[PDB]
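Novice: Residue numbers for the first sequence, in the authors' numbering: 1 to 763, 925 to 1001, 1075 to 1368. The beta carbon of each residue, even a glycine, is placed where N, CA and C say it ideally should be. I have a structure here, written as structure tokens, and I will follow up with some questions on it.
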Amino acid sequence: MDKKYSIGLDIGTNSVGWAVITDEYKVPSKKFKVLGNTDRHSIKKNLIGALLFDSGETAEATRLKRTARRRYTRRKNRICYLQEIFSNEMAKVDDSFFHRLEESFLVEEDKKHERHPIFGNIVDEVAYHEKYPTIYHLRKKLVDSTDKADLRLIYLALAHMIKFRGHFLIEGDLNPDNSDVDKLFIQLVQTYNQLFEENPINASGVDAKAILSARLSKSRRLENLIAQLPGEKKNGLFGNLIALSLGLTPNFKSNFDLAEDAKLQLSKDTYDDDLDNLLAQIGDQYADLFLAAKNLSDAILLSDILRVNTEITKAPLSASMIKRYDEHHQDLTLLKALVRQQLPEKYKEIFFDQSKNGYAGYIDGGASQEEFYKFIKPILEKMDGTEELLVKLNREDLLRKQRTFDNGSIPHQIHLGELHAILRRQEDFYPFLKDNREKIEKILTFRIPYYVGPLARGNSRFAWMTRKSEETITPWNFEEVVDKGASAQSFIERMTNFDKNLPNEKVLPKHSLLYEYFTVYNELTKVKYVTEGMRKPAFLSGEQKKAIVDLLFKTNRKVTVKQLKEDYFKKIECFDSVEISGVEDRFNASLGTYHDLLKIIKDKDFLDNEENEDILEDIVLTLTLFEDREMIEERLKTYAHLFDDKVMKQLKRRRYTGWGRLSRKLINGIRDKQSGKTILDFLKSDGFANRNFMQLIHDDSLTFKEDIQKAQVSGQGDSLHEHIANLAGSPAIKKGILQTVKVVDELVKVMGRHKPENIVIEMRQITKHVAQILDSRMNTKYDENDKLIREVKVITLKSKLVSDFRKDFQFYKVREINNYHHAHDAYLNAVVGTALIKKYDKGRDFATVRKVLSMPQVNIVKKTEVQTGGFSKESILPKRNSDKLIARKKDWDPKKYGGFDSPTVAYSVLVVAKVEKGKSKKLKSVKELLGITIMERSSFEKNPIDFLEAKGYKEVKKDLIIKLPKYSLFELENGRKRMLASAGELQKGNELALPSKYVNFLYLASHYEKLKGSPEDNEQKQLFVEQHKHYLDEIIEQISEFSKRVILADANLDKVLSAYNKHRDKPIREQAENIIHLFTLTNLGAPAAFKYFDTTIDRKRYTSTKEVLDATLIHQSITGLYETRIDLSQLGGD
DNA sequence: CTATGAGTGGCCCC
DNA sequence: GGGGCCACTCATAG
RNA sequence: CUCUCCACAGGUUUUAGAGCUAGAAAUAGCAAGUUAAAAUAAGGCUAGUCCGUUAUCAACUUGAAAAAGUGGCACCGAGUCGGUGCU
């Protein structure tokens, strides 16, 4: 008989539960054949289990690393270009100079030339370092001196500028006009006034440059600037913005009434993510305010760095850094004198001990500036004459280096100016500098446009550039080889996000005019008004909505309910008293783009004319797509006949960011067949119905739902490769879905290839997508009428049903005991789903469920994965006399140069061969696990025998090489199991099966004061907990027995037992909350540390893999029902 | 008598 | 989080 | 929610920046310290101002791979599954 059955599933991010049940909710048990060379021919297993795997990773880290690699390659290429230019003239001076520069890294033994790179003789090196203690002294010398200079020094300065050319955020020629502190402060005030028109700040008469750039501490400058603004507080939003500009860490919680703390700091690398999180909670209308704050911060940092402005010169940065060097020298001398005079004992700890956070650790060690200031602050306060030193420490200017993290704000125009000054002064003596000045300036300033991408000949999957010819792309002929227009067109066709509602179309910009109209009309659709004499609230009519928009939304950036009441209902419709529902204080929608374009173009008729909609949409799209001003001008050049020069100039400067959620074809592209109206047309006026956006797409009376269903293409989703990205979700859930489909395939295989009646899936639109994926792969029958035959029905259930089922019928869930709960959730999902389907014998069902939940044999499978990723840790360690350091190059011996350490093992291979041991070089047969690291994987797979022979293994048996990826399972005596974490470490592999009564007791005792139910039920549960306190002893006894049997952690187990007796009088709730922590000792996976009351139990690591070389290797399928057991003790025998 | 492997504790991770 | 590595002490064993 | 591009500032590593005096040496005292070069996943051939950390992967047979194929059923029970019966 064909047993009708269903497959229940519980898809997660790290686990994929699965279970097979019959019509009676019983999980069948079948006897499975076991292959391999062991005596166990057959094993009986229950058809229930769970699959565990590592979480999926997103491509963010790989993308960052790839971008970094490209940056490094292109910087190397710039230096190569400069050396190519200088190559001809350098040979006449010192031909080996470029070789000596390249070989500076090597030790004296590996150097082919003289060890001094610049001049090659020690006298000239000493003279150079005495005359130019830093590179900035040389830079100032070249900028200022008219005398003929040495060509090597010119190359050094030019290469130092080109290699560290600074940021590109400031756009266009010039710089001092954009760098005004006053200008950006005025812009910030204007932005704040625009966002907070009700509370304008009068910034007139405020000398922002004098206050913000003065030599005071950050808090003092903040307070001084606030004091000049009447009515303002240092705790206000503007005060917090100024503090953020000055480099402090203000809290925005009070200014936005947020639940959690909102602290931002521009110096932190995570500023972008925190700002995105803050904007997602406060709204994206404040992005311009934070951009203005960042710009003001950059201006402040530049004014702090380029202190020297009075003296007439053309290299301000060089003079500023020389000034910092002089200040550091003076303060160091003063500090040495004072410390020697007053604290002779601490002189060594400050100036000699590199392990401390003193000056010695600040310079020769790894101490940063913050740690150095922390270490030096208390010492100065204990000494006399340190007033000025304390002031500088409060200013963060004491003993300050030149190459610090502050230099991230210096524009590339300053470096370009210094480069131009050098090239102008020194070209009189060296003709090739004069002939190549433009080339060097281009090499410094040329930046590959972000819309051209990698410059590949097709052999890169990331490239979209189109080539006019086949010449090599250099900074000087980029424009002649690359077609910038075609590249931009390809970049638009590739980048733009596809709409989710209509997959083929492209979403509109978030600031698009049509999008703003759509939002305004959607919000106005559900507005109700109540006037005197009206029995029920009424919706706004189409003419009413149009009048409201024209009178308020086209005149005010933000419109509130009170404004509507006093401006439209009263002034226009003569309603003295009106009540409005659906909007509390203000409308979220706003015609911000409309107001900006009215400010720029200054033609309201042009904006309100529907004939001009396409032009405005294209202008907004062009502004949102691109950032380079050349493209912005080029694309807008088609509209030059419609606007004057000033309007076009103002349009060129306006920029937009972000994309919306809906496409133009969805809103105003598709039309209802019966009426011809779009979604926007119905939003403007729908008569008495007044349907909103969601209603329009779901109303069966309109063709919108049919068109959405037709345009959207039901695809394979996951389980078809290169088509998974078509689905929408995190990569981890995609991995879970793929594993789920594989599990379903193997389960159908096991049960005699009869497809299940039902497939209950549990994890919303992603669940539905999974549903049609499994439906498509399940049903393969087409009738003559083309209707699908529903042999398999996929049902999706909410987790709340299962939660109520657990809490109501005492099938309590405790996560910490073991990983059995995944399979149990899957089984309960299946039971509930089948019950509801049968709707559309309580005692027997309850007994069956309780019996199934108490089964100790559950097929937990840990998915074996061949590790990939970084070769080793990214820290470069100092040289050591150790053989575990990895060379960074082929010819860089780690004993001399240091290098990477801690490589990651891809997989281990069992090696049966003979190795020479001892000084006698005697051949001895050995059998061990050898770890094949990720770096060596390709070489191993290319020729395993040669790779093993290179490691000293001789007489290698090729047939006995066994591939053992991570989490390979070995079975040892008394059922003890260990999973291979790496070639030199193991993991726990056994699962504790507590009886259900202990699980219920622990669940009730842990939530003793947190039960959610009727008071009588809570009293009953408390009484039950108090009655069965002796279960604590039984739980401890079972933990001890299981540990002694399979864990073998005698020391830690004794510690736990001793601590248990110590706190036996503790409250029962605390005892349960602490015992639940004890199961970290027995949980599957890597050992972990845990706290039992006040006692911390350190983790027990299994650092020996010799014990598994004589155990039973188990190859488990994805479900674990099919397995092949290999007894390694029979391999390698004599 | 000294060279070799075996476990335990602690530090470390752009 | 969890695997790698080093220093110290212990067992081994020619 | 996901994917992609262009740049910046650091940081680490080795070398260069002549250490002096008293002392046979161990060592003690003193002087100095702020910068630069090179590398930043080993490398690869398709030789590009390209690619190299995402995704996928139990065992056996066919293959280069994609990919395909390989493992009887019913009942009574449960400490990681056991027993009984038919084929």
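Using only the alpha-carbon positions, how far apart do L1182 and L1220 sit?
Specialist: 23 Å
Novice: Which two residues bound the contiguous alpha helix (DSSP H) that contains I11?
Specialist: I11 -> not in any alpha helix (DSSP H); beta strand (DSSP E) instead, spanning 5-11.
Novice: If you draw a straight line from the alpha carbon of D261 to that of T555, how long is it in whole angstroms?
Specialist: 36 Å
Novice: May I ask which residues mark the beginning and end of the beta strand (DSSP E) holding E579?
Specialist: First-last of the beta strand (DSSP E) with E579: 578-581.
Novice: If distances are taken between C-alpha atoms only, which option among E89, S1172, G231, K1197 comes closest to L151?
Specialist: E89
Novice: Between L158 and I300, what straight-line distance do the alpha-carbon atoms span, to the nearest angstrom?
Specialist: 27 Å
Novice: Decide if the segment 497-510 is in contact with the segment 452-470; the criterion is three or more beta carbon pairs, one per stretch, under 8 Å apart.
Specialist: no
Novice: Given this structure, state the Cα-to-Cα distance separating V1086 from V27, to the nearest angstrom.
Specialist: 7 Å
Novice: Expressed to the nearest angstrom, what Euclidean distance is found between the alpha-carbon atoms of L625 and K510?
Specialist: 11 Å
Novice: Between the Cα of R403 and the Cα atoms of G417, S368, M383, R437, which residue gives the shortest distance?
Specialist: If we check each option's Cα against that of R403, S368 comes out closest.
Novice: Tell me, which residues are paired with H985 by DSSP?
Specialist: None, per the DSSP bridge assignment.
Novice: Buried or exposed: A640, going by 16 or more other Cβ atoms within 10 Å of its Cβ?
Specialist: Classification of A640: exposed, given that the 10 Å Cβ count is below 16.
Novice: Could you tell me the distance, in whole angstroms, from the CA atom of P1229 to the CA atom of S1088?
Specialist: So the two alpha carbons sit approximately 6 Å from each other.
Novice: Are the beta-carbon atoms belonging to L51 and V20 less than 9 Å from one another?
Specialist: no
Novice: Which first and last residues belong to the beta strand (DSSP E) in which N609 is found?
Specialist: Counting along the chain, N609 falls outside any beta strand (DSSP E), and DSSP gives it neither H nor E.
Novice: On the three-state DSSP scale, how would you describe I312?
Specialist: coil
Novice: Would you kindly check if the distance between the Cβ of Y451 and the Cβ of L662 is under 9 Å?
Specialist: no
Novice: Since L623 and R655 are thought to touch, with beta carbons under 8 Å apart, how far apart are those beta carbons, to the nearest angstrom?
Specialist: 6 Å
Novice: Between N980 and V1190, what straight-line distance do the alpha-carbon atoms span, to the nearest angstrom?
Specialist: 40 Å
Novice: Is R100 helix, strand or coil when you go by DSSP?
Specialist: In the displayed model, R100 falls within a helix according to three-state DSSP.
Novice: Rounded to whole angstroms, what's the CA-CA distance from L156 to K163? Just pull it up for me.
Specialist: 10 Å
Novice: Would you list, in sequence order, the uninterrupted beta strand (DSSP E) runs of no fewer than 3 residues that lie entirely inside the segment 1297-1340?
Specialist: The segment 1297-1340 contains these whole beta strand (DSSP E) runs: 1324-1326, 1329-1331.
Novice: Please list, in chain order, all residues of the same chain as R629 whose beta carbon is under 8 Å from its beta carbon, the five residues on each side excluded.
Specialist: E171, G172, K652
Novice: Can you list the beta strand (DSSP E) stretches of 3 or more residues lying completely in the segment 1118-1153, in chain order?
Specialist: 1139-1151, all fully within the segment 1118-1153.
Novice: Under 8 Å by Cβ, that's how I've got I186 and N193 pegged, so tell me the actual separation to the nearest angstrom.
Specialist: That belief does not hold up - the Cβ atoms of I186 and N193 are roughly 10 Å apart, past 8 Å.
Novice: Which whole-angstrom value describes the C-beta separation of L444 and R75, a residue pair presumed to lie in contact below a C-beta threshold of 8 Å?
Specialist: Their Cβ separation, rounded to whole angstroms, is 12 Å, which puts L444 and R75 out of contact at 8 Å.
Novice: Tell me which residues share the same chain as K942 and place their Cβ nearer than 8 Å to its Cβ, disregarding the 5 neighbours each side in the sequence.
Specialist: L949, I950, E952
Novice: When the Cα of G658 is compared with those of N668, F688, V620, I679, which residue comes out closest?
Specialist: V620
Novice: What residue from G1319, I759, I492, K528 has the CA that sits closest to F569's CA?
Specialist: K528
Novice: Could you round the C-beta distance between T957 and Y25 to whole angstroms and report it? I think they count as a contact, below 8 Å.
Specialist: The Cβ separation is near 20 Å, so there is no contact.
Novice: Whose C-alpha, out of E1207, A243, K1325, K1296, is nearest the C-alpha of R1279?
Specialist: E1207
Novice: Between the C-alpha atoms of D269 and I242, what's the straight-line distance to the nearest angstrom?
Specialist: 20 Å
Novice: Would you mind reading off the limits of the alpha helix (DSSP H) that contains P731?
Specialist: 731-750
Novice: CA-CA distance, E479 and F446?
Specialist: 11 Å
Novice: For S487, is the classification buried or exposed, using 16 other Cβ atoms within 10 angstroms of its Cβ as the cut-off for buried?
Specialist: buried
Novice: Tell me where the beta strand (DSSP E) around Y359 begins and ends.
Specialist: From DSSP, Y359 is part of no beta strand (DSSP E) but of the alpha helix (DSSP H) over 359-363.
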